[PDB]
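Here is how the chains run, residue by residue.
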2 protein chains.
Amino acid sequence: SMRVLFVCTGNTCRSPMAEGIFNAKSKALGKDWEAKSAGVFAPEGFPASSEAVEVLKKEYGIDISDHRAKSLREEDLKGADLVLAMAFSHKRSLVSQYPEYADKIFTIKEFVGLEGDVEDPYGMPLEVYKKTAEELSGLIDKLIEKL
Amino acid sequence: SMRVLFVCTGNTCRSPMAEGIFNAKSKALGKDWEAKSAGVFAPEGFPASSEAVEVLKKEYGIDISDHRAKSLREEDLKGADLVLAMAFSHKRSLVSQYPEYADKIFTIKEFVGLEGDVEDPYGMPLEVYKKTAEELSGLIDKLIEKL
Ligand code: NA
């Protein structure tokens, strides 16, 4: 009951966005759950997209300036109580990647009651990014309820 | 992150009650947590006390009629993500005998940042059982948010 891990592709948008939203909401709830993020194909040294940094701060007052994209290791699957995919395709690859704990790898929507994918907003204007951030916050509000 | 183990001395009064209303709260909310009980020196086969069964029935609408006293073994501690003792006595007894299980062993009050014990309503008037039920319900409220 400590850590949930969000994983996407480049680890520059969705998963680091969900990460910041989870950690800020949980710290404000006193809940002993923290979040981190990784990517199935992450460009390592890179920061979160400026587009993602802006929306979290402007819409929620959340700062994710310290996010650096990180490739998903087996270890982050070891140190997590739960692994949440940003898309079904992410969930698809995770059963393949690290010799399964498929019992703890879900898509974020399916773990919370719906099916589908989280919109990948990379290269999109700052309205779709707002929808992405907003879609994420809502999904996170029911997840913490379960977590 | 699914199991919490409430620890009594005889697993007849507080632990069945603490387990009872936790689930009832964990039922209302959509929460992936479950409660179990045990006693440090429980006589097996014994039901929860009739006062506990009636104070929980009248006040909160939960039953616990199907509870039976279980003495704590090694099966319950391993399967527990978290184990909460009603009193510091139950906590100490466990940690002295079970070191390095101690990382998940805490007292019901100290886990929610408080101090003290939930006292035994053994043979006490219903009002005492009632008062103990209220404290438990209040403490479990804090518990569920932290979990
Ligand atoms: Na999804």
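Residues numbered from 1 in each chain as written, not as in the entry; some residues may be left out. Chains lettered and ligands numbered in written order. Heavy atoms only, no water. Residues with missing side-chain atoms left out of burial classes, pairs and counts.

Method of structure determination, per the deposited record: X-ray crystallography was used for this entry, reaching 2.300 Å resolution.

Details of the overall build of chain A
The helix and strand inventory of chain A stands at five helices and four strands. The order of helices and strands in chain A, counted from the N terminus, is β-α-β-α-α-β-α-β-α. A compact globule built from 147 residues would reach a C-alpha radius of gyration of about 15 Å, and chain A, at 14 Å, matches this within 12%. Each of the three principal axes of chain A carries a C-alpha extent, and together these read 40 × 35 × 30 Å. Taking all 147 residues of chain A together, the buried fraction comes to 48%. For chain A, the share of sequence-separated contacts (at least 6 apart) that also reach a separation of at least 24 residues comes to 71%. Here chain A has roughly 7100 Å² of accessible surface; of this, 52% comes from carbon and sulfur atoms. Taking the 20 positively charged and 25 negatively charged side chains of chain A as two groups, their mean positions are separated by 1 Å. (Helix = DSSP H or I, 4+ residues; strand = E, 2+ residues; numbered from the N terminus. Rg over C-alpha atoms; globule rule 2.2 N^0.38 Å. Buried < 20%, exposed > 50% of the residue type's maximum accessible area, 1.4 Å probe, protein only. Contact = heavy atoms within 4.5 Å. Areas by Shrake-Rupley, 256 points an atom, 1.4 Å probe, with all protein chains shown as cover. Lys, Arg positive; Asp, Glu negative; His and termini not counted. Charge placed at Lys NZ, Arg CZ, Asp CG, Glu CD.)

A word on the interface of chain B and chain A
Every contact between the two is made by nine residues of chain B and, on the other side, twelve residues of chain A. When chain B packs against chain A, the two sides together hide about 860 Å² of surface, and 38% of this comes from carbon and sulfur. The tally of links between chain B and chain A comes to zero salt bridges. The interface formed by chain B and chain A contains seven residue pairs in polar contact. A per-class count over the side of chain B that touches chain A returns three nonpolar, two polar and four charged. (Buried area = accessible area lost by both parts, 1.4 Å probe. Salt bridge = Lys/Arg side-chain N within 4 Å of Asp/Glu carboxyl O. Polar contact = N/O pair within 3.5 Å; in protein donor to acceptor, adjacent residues only side chain to side chain. Nonpolar A, V, L, I, M, F, W, Y, C, P; charged D, E, K, R; others polar.)

Topic: the relation of the copies chain B and chain A
Under the fitted operation, chain B is carried onto chain A by 0.1 Å of movement along the axis and a turn of 180°, and the coordinates agree to an RMSD of 0.7 Å. In symmetry terms, the pair is related by a two-fold rotation axis. Using C-alpha coordinates, one finds that chain B approaches the rotation axis most closely at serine 1 of chain B, a distance of 2.3 Å. A shared binding surface is used by both copies, with 100% of the interface residues of chain B retained as interface residues in chain A. (Least-squares fit on C-alpha atoms.)

Observations regarding the sheet that holds strand β3 (residues 82-85) of chain B
Each strand in a sheet pairs with another by means of backbone hydrogen bonds, the pair being arranged parallel or else antiparallel. All names here are of chain B. The strand order β2-β1-β3-β4 describes an open sheet built from four strands, whose pairing is parallel. Every interior strand has two partners, whereas the edge strands, β2 (34-39) and β4 (105-107), have only one. On average, adjacent strands in this sheet sit at an angle of 30° to one another, irrespective of strand direction. Relative to β4, β3 runs parallel, the two being bridged by three bridges. Looking at the pairing, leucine 84 lines up with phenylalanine 106 of β4. On the sheet, helix α4 (residues 88-97) packs against β1 (3-8), β3 and β4 and is oriented at approximately 165° with respect to β4. (Pairing = 2+ DSSP bridges. Axes fitted to C-alpha atoms, helices over the stretch in contact; angles between N-to-C directions.)

As for the UniProt feature "active site" (unreviewed entry) in chain A
Residue and element names in this part refer to chain A. Under the UniProt annotation, the feature "active site" (unreviewed entry) is placed at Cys8, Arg14 and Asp120. For this annotated set, covering 113 residues, all C-alpha atoms fall within 9.1 Å of each other, a compact arrangement in space. Given a relative accessible area of 4%, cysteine 8 falls into the buried group. Apart from residues no more than four positions distant in its own chain, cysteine 8 is found in contact with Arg14, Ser15, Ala38, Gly39, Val40, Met86 and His90. Overall, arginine 14 belongs to the buried group, its relative accessible area being 5%. Among all residues touching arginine 14, those that are not within four sequence positions of it are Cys8, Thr9, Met86, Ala87, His90, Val118, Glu119, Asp120, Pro121 and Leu136. (UniProt positions renumbered as here; feature names shortened; annotations may be inferred.)

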